[PDB]
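> Next up is a structure, given as structure tokens.
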Amino acid sequence: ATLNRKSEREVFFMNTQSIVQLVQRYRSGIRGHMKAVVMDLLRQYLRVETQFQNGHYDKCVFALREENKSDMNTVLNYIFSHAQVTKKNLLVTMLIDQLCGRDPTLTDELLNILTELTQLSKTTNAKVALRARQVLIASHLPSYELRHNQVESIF
Amino acid sequence: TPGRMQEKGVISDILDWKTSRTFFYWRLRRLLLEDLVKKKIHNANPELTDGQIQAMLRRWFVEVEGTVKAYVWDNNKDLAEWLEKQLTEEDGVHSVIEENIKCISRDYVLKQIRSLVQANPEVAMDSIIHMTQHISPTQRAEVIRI
Amino acid sequence: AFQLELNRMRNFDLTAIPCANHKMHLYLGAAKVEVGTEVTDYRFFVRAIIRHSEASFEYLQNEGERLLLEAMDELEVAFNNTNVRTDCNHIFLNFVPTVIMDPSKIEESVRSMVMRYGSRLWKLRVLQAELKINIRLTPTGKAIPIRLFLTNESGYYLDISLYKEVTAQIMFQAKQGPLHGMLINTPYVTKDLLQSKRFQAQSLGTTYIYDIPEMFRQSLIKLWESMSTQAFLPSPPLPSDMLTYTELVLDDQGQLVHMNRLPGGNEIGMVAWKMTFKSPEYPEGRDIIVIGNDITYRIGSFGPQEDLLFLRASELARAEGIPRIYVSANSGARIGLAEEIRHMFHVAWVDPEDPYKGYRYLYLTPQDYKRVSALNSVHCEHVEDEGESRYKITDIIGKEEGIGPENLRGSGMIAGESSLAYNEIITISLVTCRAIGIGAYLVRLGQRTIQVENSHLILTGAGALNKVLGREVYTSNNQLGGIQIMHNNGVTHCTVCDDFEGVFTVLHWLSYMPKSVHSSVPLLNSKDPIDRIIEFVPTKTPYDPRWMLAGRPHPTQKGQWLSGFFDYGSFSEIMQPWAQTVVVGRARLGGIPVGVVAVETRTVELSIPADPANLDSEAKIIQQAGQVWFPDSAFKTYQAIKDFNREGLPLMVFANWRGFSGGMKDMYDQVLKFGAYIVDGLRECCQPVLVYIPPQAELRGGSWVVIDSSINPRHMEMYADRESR
Amino acid sequence: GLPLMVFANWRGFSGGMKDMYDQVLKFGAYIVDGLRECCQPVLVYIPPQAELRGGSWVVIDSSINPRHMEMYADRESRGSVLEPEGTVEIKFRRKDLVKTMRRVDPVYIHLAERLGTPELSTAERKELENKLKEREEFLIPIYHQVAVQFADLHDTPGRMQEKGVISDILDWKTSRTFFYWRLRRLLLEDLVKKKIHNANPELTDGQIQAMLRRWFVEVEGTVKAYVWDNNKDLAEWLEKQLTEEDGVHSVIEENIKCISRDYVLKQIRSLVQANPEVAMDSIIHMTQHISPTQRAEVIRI
């Protein structure tokens, strides 16, 4: 506030940035990252491969081609990416499994991505959709190992 | 003269009359927007001084729009468009910063209670029974767990 | 035959006109009046009955359409044959069968019905319709009547009142509905009251109180047309879709009740409504609360009920933060003496056979005292004097509510409330006929005053003061408070030639203002583009600064216009003739309203009128240098800054000051004090304040220092042109 | 932060052309804003033979800030919206002048008695009408004087008090002593309520008043209610509770403490309602120290 009026702040620039991105991750706790990183990465994968499929690989690649006709390298990393979906897909399971296993009572931004996520239209990403629903309810009533403690109790 | 005046800092710039209308128009509309948002921020957390708020808003801009674009703040037109493109989505897709504002607000309310309990820790139990009236089965388990 | 309810128009003199379809009986009605006056109303009445035996509605409909063309043919012959500007024509339809259906599609049906014929209605200028139709539900089979009554006044705006007919004296009972219940045999109200009060108002140079809303509508129309020049506007709305009002009314407990009642029903000298309408600046709609004196009720004095209406409506207004419009034309607080005592008090003369030897006290004989005494009317003491027993009046308490110090409590109450209100909400005041005393104070407290010619804004009348001085010093209260005083001293912001133009002007200022205090300023898409150049160029030579601001006519290629700084036609000055070395007002810059103050550079020669009271006083004429801050300039500046700030507007100052006036007189006149206050004002400023030093201007010493950005750095910015100093 | 003692005495604003043009109204309004923001007692006293009228009254009635304003009038003071001459001028026209003589003056009454006979000689008739104009017109001045007094007499304190706009009539000689004790308690009561309001700001001033009065009569007994109306005596009472440390007097202190706990509890309830997500985490920090027995209660539920 008192450093402001001069514009003598390029030392300050690399300290007000070096500090603001660290502090910006950390407001909502350890679940600031546990939300944020996986959620963004999820949309990263999701978005990529949702733009990826709207019909069939060839025609879709021509529509991709033509949205960014001049270059295809970002696209190629995309194309290259869905070549190994099954690799990707297992790891997708990994991500969801230990999130969805850890999580259960979360929030609108996520449930929003999930309802976005259910529309997913491909043979490899056929688990992920069923995962969307089974998770969304098993939220409401699970049988994982914590409520396995609860049923142990009931018994 | 104005050269000296500006150099010494009691005014921010020397203008030319002919382009004064457009200039002042764009700046004022965004000056006004800034006031409106800061009002929202102050409501979100009374402890911040207006000054700290100023810096904070700039920081949120630099955060959202990028370190590369700091200079844009001094471009009347571009920040105005940026400010407007936030208040458009109500009861729909929410902005990250809106989430942040509730979070700071959340943090502050929590601290208020923290201070309150600090003055009066003995009150907890009776407060707690009511506190448990929500989330309760999980909450019982974690307390018992610990 | 009684069932044709023919007594509800017995307040008439009606002539039987013969007609076919004798079911349908039409009478021509002449308002029955007393010998003192000659009749003014001449309404066409047609009252029918229909005993014609989903099926019913189509069947009914066909008979209705036929009846409408034939009926309007008959009334057409009546117009053609003789015309006397009929006004409140009545249609009565008695459906004596009993169909089964719901009420709100019935309500759409009666709109579609009355609507299908449009101009035809207006040519015949039909104003009143009553129907019945018996319904019940499919199991019950108990046909009940549901008297639907149509309500349309000037304008095609129609309020439909639908009920159920329920008992022991039968009662129209269904929402909110006008006449939530009254019995059925209501003899017909005579208009001549309305006309009578309108006559008193026009004869008082004003508008009848309940006609103002419609005065609003006409001004609004003029605005809708005029402002499209200035701004890009939507297609105007239909008059029918343009406005909704709801009367606000006191229950027994002085609690607000939303009421759709007939105009003229007020039992006190104060009226209020809430109105919401869509305007160029607020096309999605905006609301206000309007309070107004009714000068017809005791020249609009303020009793407790009036105070209470004002208060509680205002209180609600404050609750939501939206503006309060107060129409002031009055004689201040209600006054009275205990009439009950006036007519029975006695004077205890020193000598009755010679009164000029003085009197000792006032009193009541014991008989007269023993009954009023019981009623919290007076405080007395018994006395023996000259044999008789008398009751010395010590305090007069008074059975009449509203003529006592309670009026002060209520008044003070609203003083505090209103005082806070100015600091809390938007206040506006309109000066129509005369404001005396408390009305004036309230008007100033209202902080914004439009004043029609021949109105005046005064506390005490020229006559009263002339009497105090033993001669006719003054000739007109306007001398004290007319626009020639208040516009000339900056108390009044705008002046107008008549009531209509007053109202138009009100809305015109308002076209710049935020819907509520919680609400943002209304933004326009203006027709003056932003990337234009200003053609008029300020000069070292002095000039009317309105040319710099608003532009001027082009000297050569007329009728061109040297454009000013602001949007063509947007600057609407206020308080222009007081301290004319400076000019203050409101405008729009690219369609954003700001308030704006700039300073005249040529010396003003100011004329000061003579105080006729003071025999020394001659009308002085004073040179007031340009580019100088005087007391007046500073005060006008202070009020404008504060007031505009209280609207929530940004401020723009076009600074060009050589200095503060430092002479004996102006210093005596306290220029320093207002220098302190300007700062106070800015300290309370809450929105952007932009200062621009124009080319060839200068800013020196006192003038900069008292407006440095430090006082409210949060909100202020200052820029100077290269050609400034 | 001072109390104010105003010996209030203004008949109105001066209304001639020049000074009115010169804007006295503006500064009159401004005073109103100023007093409205006042936060401590203002005891206003209109002295004997004074009067305070219309605008000056309007802008200073205690109603604006009943919490802090109080008004007192000497028996010989007077006050109104409008001074007697302007009241009379409106409410003492010809009709009232003739009527009032017709009601009160014996000579005049008699004359009227003669004018009231049928079958009078036109001599006596014309003569009587003349007698009426002459008696009335010669007589007119005094009754106007009476009228203005008469009008002024409508504006008195008895009605004011009964109507609740004034608190008391004083007598100047001992008014000082009175005002001392009176003011002193205004200060003390105010002092305690500031402490309470600090304890719980949402509570309105009125109910807060009630709380103090109620705790006093309740504690000291319903039998002792009447004691409350003595300014001096309560002053002594309030101070001892406050002033006497570590006694059996920290009753009110405990009671206020109870409200503080309750209001705090309510705040927490409201916070969770707006922010239910906070519950779980709020306890953990809160529970970090509490009794082991209390730990047991969490386990039972």
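Here's how to read the names in the structure tokens: chain A, B, ... by the order shown, residue numbers from 1 in each chain, ligand numbers from 1 in the order shown.
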Between chain D and chain C, at 6 Å or less, what are the per-residue closest atom pairs and their distances in Å? Count only C-alpha atoms, order by chain and rising residue number, and return it as JSON lines.


{"residue": "D:15", "atom": "CA", "partner": "C:460", "partner_atom": "CA", "distance": 5.7}
{"residue": "D:17", "atom": "CA", "partner": "C:480", "partner_atom": "CA", "distance": 4.8}
{"residue": "D:18", "atom": "CA", "partner": "C:611", "partner_atom": "CA", "distance": 5.3}
{"residue": "D:21", "atom": "CA", "partner": "C:485", "partner_atom": "CA", "distance": 5.5}
{"residue": "D:58", "atom": "CA", "partner": "C:412", "partner_atom": "CA", "distance": 5.8}
{"residue": "D:61", "atom": "CA", "partner": "C:412", "partner_atom": "CA", "distance": 5.4}
{"residue": "D:63", "atom": "CA", "partner": "C:413", "partner_atom": "CA", "distance": 5.1}
{"residue": "D:64", "atom": "CA", "partner": "C:416", "partner_atom": "CA", "distance": 4.1}
{"residue": "D:158", "atom": "CA", "partner": "C:395", "partner_atom": "CA", "distance": 5.8}
{"residue": "D:159", "atom": "CA", "partner": "C:397", "partner_atom": "CA", "distance": 5.2}
{"residue": "D:160", "atom": "CA", "partner": "C:405", "partner_atom": "CA", "distance": 5.8}

> Those residues you just picked out, can you put them in a file as a tab-separated table (two decimals), in the first residue's frame with N, CA and C atoms?


chain	number	residue	atom	x	y	z
D	15	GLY	N	-37.45	36.49	9.15
D	15	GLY	CA	-37.94	36.21	7.82
D	15	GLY	C	-37.95	37.29	6.77
D	17	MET	N	-36.69	39.76	3.59
D	17	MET	CA	-36.21	39.38	2.26
D	17	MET	C	-34.72	39.14	2.18
D	18	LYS	N	-33.93	40.11	2.63
D	18	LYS	CA	-32.50	40.01	2.46
D	18	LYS	C	-31.92	38.81	3.21
D	21	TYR	N	-33.07	35.48	1.78
D	21	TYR	CA	-32.28	35.28	0.58
D	21	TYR	C	-30.90	34.82	0.97
D	58	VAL	N	-39.14	22.63	16.26
D	58	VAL	CA	-39.14	21.54	15.30
D	58	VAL	C	-37.79	20.87	15.23
D	61	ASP	N	-36.87	18.94	19.06
D	61	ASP	CA	-37.61	18.05	19.94
D	61	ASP	C	-36.84	16.78	20.30
D	63	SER	N	-37.82	13.89	20.58
D	63	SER	CA	-38.24	12.74	19.80
D	63	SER	C	-37.20	12.23	18.80
D	64	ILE	N	-36.33	13.08	18.29
D	64	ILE	CA	-35.40	12.65	17.24
D	64	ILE	C	-34.46	11.59	17.80
D	158	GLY	N	-48.84	21.20	30.92
D	158	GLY	CA	-49.70	20.13	31.41
D	158	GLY	C	-50.05	19.16	30.30
D	159	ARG	N	-50.55	19.69	29.19
D	159	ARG	CA	-50.88	18.84	28.07
D	159	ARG	C	-49.62	18.19	27.55
D	160	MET	N	-48.54	18.96	27.38
D	160	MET	CA	-47.29	18.34	26.92
D	160	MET	C	-46.92	17.09	27.71

> Which residues are near region 77-84 of chain A? Cut-off 8 Å, only C-alpha atoms, ignore same chain within fewer than 5 positions. Put them as a PDB file with N, CA and C atoms, in the first residue's frame.


ATOM      1  N   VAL A  48      -9.809 -32.271 -22.998  1.00  0.00           N
ATOM      2  CA  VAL A  48      -9.037 -32.820 -24.108  1.00  0.00           C
ATOM      3  C   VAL A  48      -9.840 -33.926 -24.790  1.00  0.00           C
ATOM      4  N   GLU A  49     -10.189 -34.988 -24.065  1.00  0.00           N
ATOM      5  CA  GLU A  49     -10.736 -36.106 -24.825  1.00  0.00           C
ATOM      6  C   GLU A  49     -12.223 -35.949 -25.149  1.00  0.00           C
ATOM      7  N   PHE A  52     -12.014 -34.233 -28.236  1.00  0.00           N
ATOM      8  CA  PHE A  52     -11.503 -35.289 -29.085  1.00  0.00           C
ATOM      9  C   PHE A  52     -12.586 -36.126 -29.737  1.00  0.00           C
TER      10      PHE A  52
END

> Write out as a PDB file with N, CA and C atoms, in the first residue's frame each polymer residue whose atoms come within 10 Å of residue 153 (chain C), counting only C-alpha atoms; drop sequence neighbours fewer than 3 positions from it.


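The result, written out as result-v1.pdb:
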ATOM      1  N   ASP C  87     -69.406  10.526 -19.784  1.00  0.00           N
ATOM      2  CA  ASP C  87     -68.113  10.256 -19.176  1.00  0.00           C
ATOM      3  C   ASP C  87     -68.000   8.893 -18.517  1.00  0.00           C
ATOM      4  N   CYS C  88     -69.011   8.455 -17.766  1.00  0.00           N
ATOM      5  CA  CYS C  88     -68.883   7.257 -16.940  1.00  0.00           C
ATOM      6  C   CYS C  88     -70.022   6.291 -17.238  1.00  0.00           C
ATOM      7  N   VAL C 126     -66.640   4.498 -22.990  1.00  0.00           N
ATOM      8  CA  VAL C 126     -67.199   3.661 -21.931  1.00  0.00           C
ATOM      9  C   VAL C 126     -66.250   3.383 -20.768  1.00  0.00           C
ATOM     10  N   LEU C 127     -66.737   3.690 -19.561  1.00  0.00           N
ATOM     11  CA  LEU C 127     -65.981   3.696 -18.309  1.00  0.00           C
ATOM     12  C   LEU C 127     -66.403   2.742 -17.210  1.00  0.00           C
ATOM     13  N   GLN C 128     -67.603   2.185 -17.243  1.00  0.00           N
ATOM     14  CA  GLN C 128     -68.014   1.371 -16.111  1.00  0.00           C
ATOM     15  C   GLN C 128     -68.808   0.160 -16.562  1.00  0.00           C
ATOM     16  N   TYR C 156     -56.972   3.241 -20.473  1.00  0.00           N
ATOM     17  CA  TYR C 156     -57.575   1.944 -20.742  1.00  0.00           C
ATOM     18  C   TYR C 156     -57.139   0.937 -19.693  1.00  0.00           C
ATOM     19  N   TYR C 157     -56.581   1.436 -18.597  1.00  0.00           N
ATOM     20  CA  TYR C 157     -56.004   0.618 -17.558  1.00  0.00           C
ATOM     21  C   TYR C 157     -57.196   0.022 -16.841  1.00  0.00           C
ATOM     22  N   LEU C 158     -57.249  -1.295 -16.640  1.00  0.00           N
ATOM     23  CA  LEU C 158     -58.440  -1.844 -15.991  1.00  0.00           C
ATOM     24  C   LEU C 158     -58.139  -2.776 -14.835  1.00  0.00           C
ATOM     25  N   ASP C 159     -58.812  -2.535 -13.721  1.00  0.00           N
ATOM     26  CA  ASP C 159     -58.674  -3.328 -12.521  1.00  0.00           C
ATOM     27  C   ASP C 159     -59.964  -4.127 -12.446  1.00  0.00           C
TER      28      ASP C 159
END

> Per DSSP on the backbone, what are the alpha helix (DSSP H) residues of chain B, as JSON, numbers by chain?

{"B": [2, 3, 4, 5, 6, 7, 20, 21, 22, 23, 24, 25, 26, 27, 28, 29, 30, 31, 32, 33, 34, 35, 36, 37, 38, 39, 40, 41, 42, 43, 44, 50, 51, 52, 53, 54, 55, 56, 57, 58, 59, 60, 61, 62, 63, 64, 65, 76, 77, 78, 79, 80, 81, 82, 83, 84, 85, 86, 87, 96, 97, 98, 99, 100, 101, 102, 103, 104, 105, 106, 107, 108, 109, 110, 111, 112, 113, 114, 115, 116, 117, 118, 119, 124, 125, 126, 127, 128, 129, 130, 131, 136, 137, 138, 139, 140, 141, 142, 143, 144, 145]}

> Please list as an NGL selection string every residue within 12 Å of residue 111 (chain B), counting only C-alpha atoms and excluding residues in the same chain fewer than 2 positions away.

(:B and (45 or 47 or 104-109 or 113-118)) or (:D and (268 or 271 or 278 or 281-282 or 285-286))
